[PDB]
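Step one of this worksheet: look at the structure below.
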Amino acid sequence: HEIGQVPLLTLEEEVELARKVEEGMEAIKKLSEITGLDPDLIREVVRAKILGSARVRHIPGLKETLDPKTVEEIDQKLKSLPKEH
Amino acid sequence: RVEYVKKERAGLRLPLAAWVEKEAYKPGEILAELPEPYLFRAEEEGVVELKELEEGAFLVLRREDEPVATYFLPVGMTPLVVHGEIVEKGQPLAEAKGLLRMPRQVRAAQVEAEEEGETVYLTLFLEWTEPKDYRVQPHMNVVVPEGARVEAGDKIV
RNA sequence: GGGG
DNA sequence: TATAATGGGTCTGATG
DNA sequence: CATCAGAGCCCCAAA
């Protein structure tokens with residue numbers, strides 16, 4: 001029943017979502033170059049904020065524990081950038 | 001649909017007594033009223049380049065392929081020529097029949113009037129929009145908002 | 001499935 | 001690692 | 001009026 005709540009994608013929104021996902025993937029590569037941080041770490045912090053404060057945990061593979069404190073520091077180091085970055 | 005903004009200069013000859021004087025003409029505004037049919041005649045030699053808008057048309061004579069005259073036919077002007085036609089000087093191009101006025105999708109910036117006997121030759125600084133439609137497909141995405149003024153070479157899709 |  | 005594939009197979013007594 | 005927990009002992013050969 002829960003699965004039937006989410007409508008099936010049209011060929012357009014199928015390509016749109018798949019497209020936005022691939023662009024976001026590249027936006028974290030180009031974002032680790034600028035910031036000079038770990039790609040994986042960045043992409044996790046991007047997840048922390050989209051999913052919500054319900055999930056927050058130490059992702060084994062990453063080097064810095066993911067407590068609300070260190071995500072806020074990386075969310076500010078992100079917001080600290082010029083409009084073009 | 002991209003409403004492309006064109007801004008050129010064009011002319012038109014009317015009976016001086018049928019022409020209402022104004023330093024500009026907003027869309028739909030009356031430009032002249034003729035008590036009888038008056039044949040807007042050609043004043044240059046060349047091959048016609050008809051360009052019909054929504055209402056009202058353009059008409060560009062050329063020698064070789066260099067433009068030599070650009071005429072403007074407002075509403076009320078039925079063109080008596082076809083595209084690519086050869087016109088000798090003085091041959092009637094269109095016909096005005098009573099009230100003629102600017103089309104809705106085009107306006108007159110400046111207006112310059114030279115008088116010559118019982119007529120006026122208007123040099124209208126016209127600016128209008130010519131829409132072109134583009135079909136968009138499922139593999140493609142529109143990267144431009146509604147009302148976004150684009151310059152040449154910009155990406156829309 | 002039998003015994004008591 | 002790439003056709004497309006998108007919703008399963010008795011029998012009684014005490015307690016809320 | 002529905003849901004859950006009870007409903008004898010020991011022994012054998014089988015599986």
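Residues in the structure tokens are numbered from 1 in each chain, the chains being A, B, ... in the order shown, and ligands are numbered from 1 in the order shown.
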
Show me, as a Markdown table, the residues of chain A having an atom within 9 Å of chain D, each with the closest atom pair and its distance in Å, using only C-alpha atoms (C1' of nucleotides).
```
| residue | atom | partner | partner_atom | distance |
| --- | --- | --- | --- | --- |
| A:1 | CA | D:7 | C1' | 6.9 |
| A:3 | CA | D:7 | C1' | 7.1 |
| A:4 | CA | D:7 | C1' | 6.4 |
| A:8 | CA | D:6 | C1' | 7.2 |
```

Worksheet entry | residue 144 in chain B surroundings by only C-alpha atoms (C1' of nucleotides), 9 Å radius, close-in-sequence under 5 positions cut, as a list in words | residues 150, 155, 156 and 157 of chain B

With the cut-off set at 8 Å and counting only C-alpha atoms, tabulate each residue of chain B with an atom at most that distance from an atom of chain A, showing the nearest atom pair and its distance in Å to one decimal, ordered by chain and increasing number, as a tab-separated table.
```
residue	atom	partner	partner_atom	distance
B:138	CA	A:12	CA	5.1
B:139	CA	A:15	CA	6.6
B:141	CA	A:16	CA	7.7
```

At most 6 Å is the cut-off: for each residue in range 18-55 of chain B with any atom that close to an atom of range 74-90 of chain B, write down the nearest atom pair and the distance in Å rounded to one decimal, counting only C-alpha atoms, chain first then increasing number, as CSV.
```
residue,atom,partner,partner_atom,distance
B:41,CA,B:90,CA,5.2
B:42,CA,B:90,CA,4.8
B:43,CA,B:89,CA,5.1
B:44,CA,B:89,CA,5.1
B:45,CA,B:88,CA,5.1
B:46,CA,B:86,CA,5.7
B:47,CA,B:86,CA,4.4
B:48,CA,B:84,CA,4.8
B:49,CA,B:83,CA,5.4
B:50,CA,B:83,CA,5.0
```

Practice prompt. Would you please give, as a ChimeraX atom specification, all residues of chain A that DSSP assigns to helix (DSSP H, G or I) based on the backbone?
Written response: /A:2-4,11-35,39-51,68-79

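CA of residue 57 in chain B is found 28.5 Å from CA of residue 154 in chain B.
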
Using only C-alpha atoms (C1' of nucleotides), find each residue of chain E with at least one atom at most 10 Å away from an atom of chain C; report its shortest atom-to-atom pair and that distance in Å (one decimal), sort the rows by chain and rising residue number, and return the result as a tab-separated table.
```
residue	atom	partner	partner_atom	distance
E:10	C1'	C:4	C1'	8.7
E:11	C1'	C:3	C1'	7.3
E:12	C1'	C:3	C1'	7.5
E:13	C1'	C:2	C1'	9.0
E:14	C1'	C:1	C1'	9.3
```

Take the selection from the previous step and output its residues with C-alpha atoms (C1' of nucleotides), as a compact mmCIF listing (two decimals), in the first residue's frame.
```
# COMPACT_ATOMS: atom_id res chain seq x y z
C1' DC E 10 4.76 -42.88 33.20
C1' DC E 11 6.62 -46.36 29.45
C1' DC E 12 7.72 -48.63 24.43
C1' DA E 13 9.25 -48.78 19.04
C1' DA E 14 9.58 -45.61 15.35
```

Discussion item. When you look at range 20-30 of chain B with a cut-off of 7 Å (counting only C-alpha atoms (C1' of nucleotides)), what residues show up, excluding the ones that are within fewer than 6 positions of it in the same chain? I need them as a ChimeraX atom specification.
Written reply: /B:100-111

With N, CA, C and O atoms kept, could you save the residues just selected as an mmCIF file, in the first residue's frame?
```
data_model
loop_
_atom_site.group_PDB
_atom_site.id
_atom_site.type_symbol
_atom_site.label_atom_id
_atom_site.label_comp_id
_atom_site.auth_asym_id
_atom_site.auth_seq_id
_atom_site.Cartn_x
_atom_site.Cartn_y
_atom_site.Cartn_z
ATOM 1 N N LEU B 100 -6.805 52.978 -42.286
ATOM 2 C CA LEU B 100 -5.680 52.089 -42.098
ATOM 3 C C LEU B 100 -4.978 52.493 -40.820
ATOM 4 O O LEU B 100 -4.909 53.677 -40.482
ATOM 5 N N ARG B 101 -4.512 51.483 -40.087
ATOM 6 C CA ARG B 101 -3.949 51.690 -38.768
ATOM 7 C C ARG B 101 -2.852 50.676 -38.510
ATOM 8 O O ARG B 101 -2.781 49.624 -39.153
ATOM 9 N N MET B 102 -2.017 51.006 -37.535
ATOM 10 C CA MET B 102 -0.924 50.142 -37.121
ATOM 11 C C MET B 102 -1.442 48.765 -36.701
ATOM 12 O O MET B 102 -2.535 48.652 -36.132
ATOM 13 N N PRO B 103 -0.705 47.697 -36.998
ATOM 14 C CA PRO B 103 -1.048 46.375 -36.469
ATOM 15 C C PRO B 103 -0.889 46.350 -34.952
ATOM 16 O O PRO B 103 -0.299 47.241 -34.340
ATOM 17 N N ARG B 104 -1.445 45.303 -34.337
ATOM 18 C CA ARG B 104 -1.449 45.216 -32.883
ATOM 19 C C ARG B 104 -0.076 44.871 -32.306
ATOM 20 O O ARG B 104 0.286 45.363 -31.237
ATOM 21 N N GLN B 105 0.696 44.024 -32.978
ATOM 22 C CA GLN B 105 1.984 43.577 -32.456
ATOM 23 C C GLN B 105 3.173 44.448 -32.944
ATOM 24 O O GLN B 105 4.306 43.926 -33.002
ATOM 25 N N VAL B 106 2.970 45.716 -33.246
ATOM 26 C CA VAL B 106 4.066 46.562 -33.717
ATOM 27 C C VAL B 106 3.750 48.050 -33.526
ATOM 28 O O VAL B 106 2.623 48.512 -33.763
ATOM 29 N N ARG B 107 4.795 48.816 -33.192
ATOM 30 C CA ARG B 107 4.688 50.210 -32.793
ATOM 31 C C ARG B 107 5.697 51.078 -33.542
ATOM 32 O O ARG B 107 6.718 50.604 -34.037
ATOM 33 N N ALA B 108 5.399 52.383 -33.610
ATOM 34 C CA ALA B 108 6.247 53.359 -34.277
ATOM 35 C C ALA B 108 6.933 54.262 -33.260
ATOM 36 O O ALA B 108 6.274 55.081 -32.620
ATOM 37 N N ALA B 109 8.261 54.122 -33.146
ATOM 38 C CA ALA B 109 9.093 54.906 -32.233
ATOM 39 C C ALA B 109 9.074 56.358 -32.685
ATOM 40 O O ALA B 109 8.194 57.125 -32.284
ATOM 41 N N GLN B 110 10.074 56.750 -33.479
ATOM 42 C CA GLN B 110 10.094 58.069 -34.088
ATOM 43 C C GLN B 110 9.194 58.050 -35.333
ATOM 44 O O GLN B 110 8.772 56.991 -35.810
ATOM 45 N N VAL B 111 8.915 59.234 -35.877
ATOM 46 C CA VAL B 111 8.186 59.402 -37.142
ATOM 47 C C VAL B 111 8.767 60.624 -37.857
ATOM 48 O O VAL B 111 8.866 61.701 -37.263
#
```

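For residue 117 in chain B, the residues within 12 Å (counting only C-alpha atoms (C1' of nucleotides), excluding itself and residues fewer than 4 positions away along the chain) are residues 13, 14, 15, 16, 17 and 121 of chain B.
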
Worksheet item: What gap, in Å, lies between CA of residue 142 in chain B and CA of residue 43 in chain A?
Response: 26.6 Å

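Interatomic distance, CA of residue 53 in chain A against CA of residue 66 in chain A: 11.4 Å.
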
Practice prompt. As a PyMOL selection string, please: all residues of range 35-147 of chain B that backbone DSSP puts in strand (DSSP E).
Written response: chain B and resi 38-41+46-47+50-52+57-63+66-73+75-79+86-87+92-101+106-115+119-132
